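Okay, structure first, notes after.
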Amino acid sequence: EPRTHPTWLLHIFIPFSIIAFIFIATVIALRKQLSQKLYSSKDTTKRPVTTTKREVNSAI
């Protein structure tokens, strides 16, 4: 039968489609893992500094 949609376009759309699909799936998947990782984040703790005044007996 006559051809109206050249397969050449399909030959190029297949790689461009699959490659582009995995590109968006890899970036989102990587971000998803990092998002889950950030739950508490240990280390880099901050302890309190100075709470009760000490002062000395000598007023001056």
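Within each chain, counting starts at residue 1; across the structure tokens, chains are named A, B, ... in the order shown, with ligands numbered 1 upward in that order.
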Extract the full set of helix (DSSP H, G or I) residues from chain A according to DSSP on the backbone, and format it as JSON, numbers by chain.
{"A": [7, 8, 9, 10, 11, 12, 13, 14, 15, 16, 17, 18, 19, 20, 21, 22, 23, 24, 25, 26, 27, 28, 29, 30, 31, 32, 33, 34, 35, 36, 37]}
Keeping C-alpha atoms for every residue in the selection just given, could you write it to a file as a PDB file, in the first residue's frame?
ATOM      1  CA  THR A   7       9.763   4.983   8.976  1.00  0.00           C
ATOM      2  CA  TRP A   8      12.990   7.089   8.942  1.00  0.00           C
ATOM      3  CA  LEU A   9      11.276   9.389  11.472  1.00  0.00           C
ATOM      4  CA  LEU A  10      10.421   6.363  13.660  1.00  0.00           C
ATOM      5  CA  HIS A  11      14.054   5.153  13.444  1.00  0.00           C
ATOM      6  CA  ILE A  12      15.219   8.503  14.929  1.00  0.00           C
ATOM      7  CA  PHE A  13      12.238   8.955  17.327  1.00  0.00           C
ATOM      8  CA  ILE A  14      12.866   5.547  18.976  1.00  0.00           C
ATOM      9  CA  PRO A  15      16.426   6.468  20.351  1.00  0.00           C
ATOM     10  CA  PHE A  16      15.510  10.117  21.081  1.00  0.00           C
ATOM     11  CA  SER A  17      12.383   8.910  22.950  1.00  0.00           C
ATOM     12  CA  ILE A  18      14.002   6.085  24.981  1.00  0.00           C
ATOM     13  CA  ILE A  19      17.160   8.122  25.767  1.00  0.00           C
ATOM     14  CA  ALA A  20      15.070  11.165  26.808  1.00  0.00           C
ATOM     15  CA  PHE A  21      12.760   8.947  28.918  1.00  0.00           C
ATOM     16  CA  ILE A  22      15.658   7.435  30.921  1.00  0.00           C
ATOM     17  CA  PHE A  23      17.229  10.922  31.282  1.00  0.00           C
ATOM     18  CA  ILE A  24      14.149  12.263  33.123  1.00  0.00           C
ATOM     19  CA  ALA A  25      13.799   8.971  35.080  1.00  0.00           C
ATOM     20  CA  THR A  26      17.456   9.003  36.248  1.00  0.00           C
ATOM     21  CA  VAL A  27      17.385  12.654  37.426  1.00  0.00           C
ATOM     22  CA  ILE A  28      14.050  12.228  39.284  1.00  0.00           C
ATOM     23  CA  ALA A  29      15.207   8.877  40.755  1.00  0.00           C
ATOM     24  CA  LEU A  30      18.489  10.447  41.944  1.00  0.00           C
ATOM     25  CA  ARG A  31      16.601  13.367  43.542  1.00  0.00           C
ATOM     26  CA  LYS A  32      14.114  10.942  45.157  1.00  0.00           C
ATOM     27  CA  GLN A  33      16.967   9.022  46.843  1.00  0.00           C
ATOM     28  CA  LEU A  34      18.614  12.251  48.067  1.00  0.00           C
ATOM     29  CA  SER A  35      15.232  13.506  49.352  1.00  0.00           C
ATOM     30  CA  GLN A  36      14.785  10.322  51.422  1.00  0.00           C
ATOM     31  CA  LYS A  37      18.398  10.577  52.670  1.00  0.00           C
TER      32      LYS A  37
END
